[PDB]
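All remarks here apply to the structure that follows.
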Amino acid sequence: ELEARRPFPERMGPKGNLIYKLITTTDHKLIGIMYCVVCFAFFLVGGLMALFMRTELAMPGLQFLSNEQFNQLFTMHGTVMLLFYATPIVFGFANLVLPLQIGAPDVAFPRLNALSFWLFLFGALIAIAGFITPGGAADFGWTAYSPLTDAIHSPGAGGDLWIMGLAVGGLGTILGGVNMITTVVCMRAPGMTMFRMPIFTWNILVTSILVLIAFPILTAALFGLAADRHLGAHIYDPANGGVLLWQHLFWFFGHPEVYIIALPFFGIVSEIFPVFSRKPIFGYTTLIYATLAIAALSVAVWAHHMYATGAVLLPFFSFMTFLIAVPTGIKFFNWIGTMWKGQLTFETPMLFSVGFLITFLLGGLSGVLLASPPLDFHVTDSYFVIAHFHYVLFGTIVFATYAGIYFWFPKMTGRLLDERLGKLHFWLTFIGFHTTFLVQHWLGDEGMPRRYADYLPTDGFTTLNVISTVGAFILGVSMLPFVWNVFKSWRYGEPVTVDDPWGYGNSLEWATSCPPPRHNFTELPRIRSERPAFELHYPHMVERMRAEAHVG
Amino acid sequence: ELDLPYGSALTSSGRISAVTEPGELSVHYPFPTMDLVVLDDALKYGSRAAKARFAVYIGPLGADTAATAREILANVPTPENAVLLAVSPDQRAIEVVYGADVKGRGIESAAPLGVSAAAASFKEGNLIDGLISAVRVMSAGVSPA
Amino acid sequence: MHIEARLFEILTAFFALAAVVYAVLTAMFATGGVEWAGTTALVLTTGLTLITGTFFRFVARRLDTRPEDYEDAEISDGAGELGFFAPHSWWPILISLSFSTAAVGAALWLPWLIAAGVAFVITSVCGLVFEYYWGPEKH
Amino acid sequence: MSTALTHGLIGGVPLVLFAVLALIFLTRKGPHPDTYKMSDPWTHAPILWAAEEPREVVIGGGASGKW
Amino acid sequence: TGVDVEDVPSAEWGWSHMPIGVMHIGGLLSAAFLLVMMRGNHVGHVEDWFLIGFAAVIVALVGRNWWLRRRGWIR
Amino acid sequence: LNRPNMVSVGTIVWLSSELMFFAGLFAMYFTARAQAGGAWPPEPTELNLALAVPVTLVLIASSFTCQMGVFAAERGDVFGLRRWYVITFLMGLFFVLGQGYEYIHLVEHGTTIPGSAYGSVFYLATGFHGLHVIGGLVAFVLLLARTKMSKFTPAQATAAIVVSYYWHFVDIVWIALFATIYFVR
Ligand code: HEA
Ligand code: HEA
Ligand SMILES: [Cu+2]
Ligand SMILES: [Cu+2]
């Protein structure tokens, strides 16, 4: 007959509905939302620092900044962007969609989850609270090299706060990785084997292993540096091998880090491609094996950041890097073969995924070019390196993160983001990024190193800096459509009364209500492949799926 | 379509699991969002003050309209305490039906007023505005008891 | 738990190979001999993977097949009663505040603040550990 | 050089690009259906909306009208 | 006096309502005080930015609340 | 249900991470030994092998006592658990006191943290281990206090077991440090 609904769903919620729940919650979905919100706030402050840097770098001469201020600016910008946004956004997405993807009711340690979140937040605050110090924030690089960080050089109090905040955040990240590993190992639906789980889950497991390898050694190095700075502890004394010791330790931490912030986003785009191509993912086992190979190799290339020191064995690390370049190409070919011969429609997540593909390809070409020591001898510590890692970092983190938000906003809120605003956001971001970071290859190839506050008119590079600043301001104005879209679409916006608002979805998260209930499930479907929601919603396709699963 | 129409499936429980195509909506109400919001707010804050449910129906009444309306009201969650307003824009009919518990609370001197307001607003072509006006006046009429 | 053990064992094998190769190739052909930092790091990464894989192998060698390790398993096979998962708690944020107090006292060299932070950390960890074990009050 | 030129470009190109892309995109048509006109026949399915507010079949009255 | 029990569950057990005019006028006077604190011997102008920004945020919040209550979106 | 133990998996992976922390410390120590040519333990330093070995023996004895307590815990007997864990706590406290006494006698005859490059790496390699031992002692006290306040259950058993092999990890790390610092040199 009839069924009684409301004219429009409830907009916000009752008074007093969130604040105490926010302090006492152990729900992984709310924890993921908190992750996302705080991470985007930190993204905004880092972007503001970068805008100040760009506007000073245009128009040769010091117009309004100082040398010390520019130094603090790039230090804190790099630190905030790499450690206060990307590393916690990884665990935000994990907490959002991992237990749903493996069919679990909850994570292994729900109080350790909240502890990780709060440790992240307060460590970031401690590290950033150096700007109120009369000496200012930290002013060495983000890498904090060997003799410059002692107490004779850089004697301010900003470096201490930097160190201790990084230690707190690292403990939080280690606890998060432990939780994720244990959750994937124990909590799992009664039909889901390990070769039936999603690639996002596989990549999260690998990333957690890498975290457990990389972060404790950074904690040890930071404790040694604090020992020096506060007790005169001769540990990084250049009379010893203290200069190269710090570089070895820091880069042994720091390359696994840049692989920690890439694989979950590879997994995101590999979840998004098949839904909008109406096909299965190409080479499931091949993708898994490529992920394992990247994870293994990522721990033996660290010294390609030390080519110009004249103290590393060049052929070993060069061969290892050239080797690690191959599984990424296999992964790229799998992503293309997934889209080959499909029925492609381009909504906002697919658009952002294609932007990712393009930008990451160019960045990776730049990197494999950068992996040759004779070429690094010229282009190292210049703007060519800046352009390279900005291409790879932007393409993976920013684009796959926006794709994941546009993809999983319904599954978390019950609402839909507007798509015209999403297209405007995409095109603004694309044009701005390729306007600001392309001419820097040339800028660095002709002599212009990184971390310079000022330059001379008789040098070249006075038009390319202006072009890059214009692109940077476009990228800065790109954020308003996204923020407006989220702010409006959380309360208003088209409701979702079904499962799977993007039909032809897989991964068992699209087989529960659009806002999932507490404990995430009221029923579970029979698990036979890696596409249980597809096999549930299209039962007439199982025969046709199994018959032609090997043609190619 | 009465057999799980192309995406819907029966689960281990009695729950349905439907889908939508990547660019489509799943509500399909031919009214503005900011008018549905005002109607929802009125329908909620009138029922709160009156301590009685208020319901609205828009489909057809191609029979004895009174009989169809009082057969419709039996679908409201708590029909014994409810007030339903049904409108047919094809036959151009307005009918308000009550429950037993909501009686002697100001229901008799407010239903013709609601019908009058709804009609006076429908004679220009403002369906949602007529519904909101009728709900406002009837909710201000009924008292909690 | 065969696939977990196999994953960690593959990782262990690769890490051990890389460690020994780097060790001997820095013993030779290097400006100062053994590097003594990357060698230690690779050796103890191998140790990490070995510990975890050995524990998982010992667990798997004495366990019956689980419903999630067996295809053709039914969802009514997992029917039962899972463990205990904690509802609401406010102790994590207090633990974080205590640790942050100690960290600030270490950044700015203040031993009284370090001691206060350590005491707060002990108190809040006690509260977290005893939360679901306190009995009713004895009046 | 060209201080005023660099200032004008840096301050104006993003706004011009924003305006052009906004005109191209935000002027398109959304998926929301068109508002129902009381002149055409009612083609939508029947709708029933309740209040949800009071938390937990004998008719007691009625009234009618014809616009 | 009283609010709804659907907004404040224990409304009948204690004082639960504070009129909105008090809050609006208090915010406006707080902003006015922040502005009037620009008179003194405070040579330098790094604090005037903080004063003006903190007053503008408060005025914008009060105005938003007043507008949304005037148009019926809240209440 | 619960064929494998979950707290066990968590404790094992966290112990692996702490192994990586001690890897960092060992790297710091092994560098700057290759730079000290000759009498690489510098001018005033002389290690006391007549006092370093007893504390190691007490630590191994405490590990055995803790394993005996685990055996008592696997059967539903709480009082044997309590006895063996009190014994383990006392042996660990004795180890900590002996280490502090060696620290005092070594600092009042030369070697200090800001005095030389050897003193710094020595004190950092051994003091962080001492801190981990103190953490294990705190864990013992908390576990006993928790056993006092409720009926003994398999969750209590699991807690005892995970604390036990944390203690075993601490003991093996000390064995490595001792072999590296007092014999290999
Ligand atoms: C997400 C971040 C990210 C990612 C994914 C990468 C990926 C890679 N990086 Fe990069 N890198 C950084 C972030 C990243 N990097 C940062 C932040 C720094 C410096 C930080 C600092 O110093 O401040 C840096 C520095 C850096 C250097 C040192 C530069 C310098 O200091 O002078 C080198 C050189 O060895 C390098 C190489 C590579 C290689 C070979 C890859 C490969 O993974 C890329 C492989 C990609 C490809 C697309 C190849 C796939 C294969 C095919 C498609 C088949 C065709 C194959 C060939 C062309 C032969 N990186
Ligand atoms: C993921 C990490 C990440 C991200 C996302 C970015 C994003 C950007 N970066 Fe950054 N960058 C690094 C990581 C990152 N960077 C690292 C690691 C270094 C080297 C570190 C080192 O040198 O020590 C570096 C260095 C670096 C330099 C070299 C500085 C120097 O060495 O001289 C430059 C300059 O051209 C630059 C520019 C930009 C620009 C224009 C963006 C744009 O993508 C961002 C633009 C975004 C916005 C403008 C935000 C919007 C702001 C607002 C809307 C303000 C409103 C907000 C509030 C009111 C709070 N970056
Ligand atoms: Cu690298
Ligand atoms: Cu360099």
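All of the numbers you see were taken from the coordinates with simple rules; none came from a lab. Don't worry about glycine lacking a Cβ; one is built from the backbone with ideal geometry, like all the others, and counts go over all protein chains shown.
Taking 0.36 nm per residue of sequence separation and removing the Cα-Cα distance, the F:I181/F:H168 pair yields an extension gain of 2.7 nm. Please list, by residue number, every one of the GluC sites (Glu not before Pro) in the range C:22-114 that is coil in DSSP and has at most 16 other beta-carbon atoms within 10 Å. Qualifying residues, ordered by number: C:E71, C:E74, C:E81. Model label sites at E:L68 and A:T309, defined 7 Å from Cα along the beta-carbon direction, differ in position by 5.4 nm.
In a DSSP loop and with at most 15 other Cβ atoms within 10 Å, the trypsin sites (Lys or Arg not before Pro) in the range F:55-146 are F:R75.
Hey, with R₀ at 45 Å, roughly what FRET efficiency would E:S30 and A:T55 work out to, going by the Cβ-Cβ distance, to 0.05?
For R0 = 45 Å, the calculated efficiency reads 0.85.
Annotation: extensible slack from A:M12 through A:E523 equals 181.1 nm (criterion: 0.36 nm per residue apart, minus Cα-Cα distance). Each of F:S17, B:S109 was scored by other Cβ atoms within 10 Å of its Cβ. Listed from fewest to most, they are B:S109, F:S17. Suppose we flag GluC sites (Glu not before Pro) only when DSSP calls them loop and at most 11 other Cβ atoms lie within 10 Å. Which is the longest uninterrupted stretch of chain B? The longest uninterrupted stretch comes out as B:2-123. Here chain B has an Rg and Dmax of 17.5, 52 Å, counting Cα atoms alone.
Of the GluC sites (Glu not before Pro) in the range A:1-75, which ones lie in a loop per DSSP and count no more than 13 other C-beta atoms within 10 Å? Of the GluC sites (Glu not before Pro), the ones in loops of the range A:1-75 whose Cβ has at most 13 other Cβ atoms within 10 Å are A:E1, A:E3, A:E10.
Taking the centroid of alpha carbons for each part, the range A:410-437 and the range C:2-53 are 44 Å apart.
Any idea what angle helix A:87-102 forms with the longest principal axis of chain A, computed on alpha-carbon atoms, 0 to 90 degrees, nearest 10? Approximately 20 degrees, to the nearest 10. Could you work out, for the protein assembly as shown, what percent of all Cα-Cα pairs fall into each 10 Å distance bin, beginning at 0 Å and stopping at the bin that holds the largest distance? Using 10 Å bins, I get a P(r) of 2, 8, 15, 20, 19, 16, 11, 6, 2, 1, 0, 0 for the protein assembly as shown. Here is how the number arises for the protein assembly as shown: DSSP H runs of 4 or more residues each give -39500 (n - 2.57), the sum is divided by the residue count, and the result at 222 nm is -20000 deg cm²/dmol. Averaging the Cα positions of each part gives two centres, and for the range A:327-356 and the range A:252-312 these lie 17 Å apart. Got a sec? Which residues in the range B:95-133 would a label at D:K37 touch, if it sits 7 Å along Cα→Cβ and we count backbone N under 14 Å? B:125-126, by backbone N distance to the label point. Taking the longest Cα principal axis of chain E as reference, the axis of helix E:46-70 is set at about 30 degrees.
Placing pseudo-labels 7 Å out from each Cα toward the beta carbon at C:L82 and A:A547 gives an inter-label distance of 3.9 nm.
Counting charges near A:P274 (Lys, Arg +1; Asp, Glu -1) among other residues having Cβ under 12 Å from its Cβ returns a value of +1. Measuring between their Cα centroids, the range A:48-65 and the range A:76-121 lie 34 Å from each other.
What the Cβ-Cβ distance of F:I87 and A:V258 gives, at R0 = 56 Å and to the nearest 0.05, is a FRET efficiency of 0.70. Is the C-alpha gyration tensor of chain C telling us rounded, prolate or oblate? Criteria: a/c under 1.5 is rounded; beyond that, a/b larger than b/c is prolate, otherwise oblate. The shape class here is oblate. Counting only GluC sites (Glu not before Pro) that sit in a DSSP loop (anything but H, G, I, E, B) with at most 12 other Cβ atoms within 10 Å, what is the longest stretch of chain F containing none of them? Longest site-free region, per DSSP loop and neighbour criteria: F:109-185.
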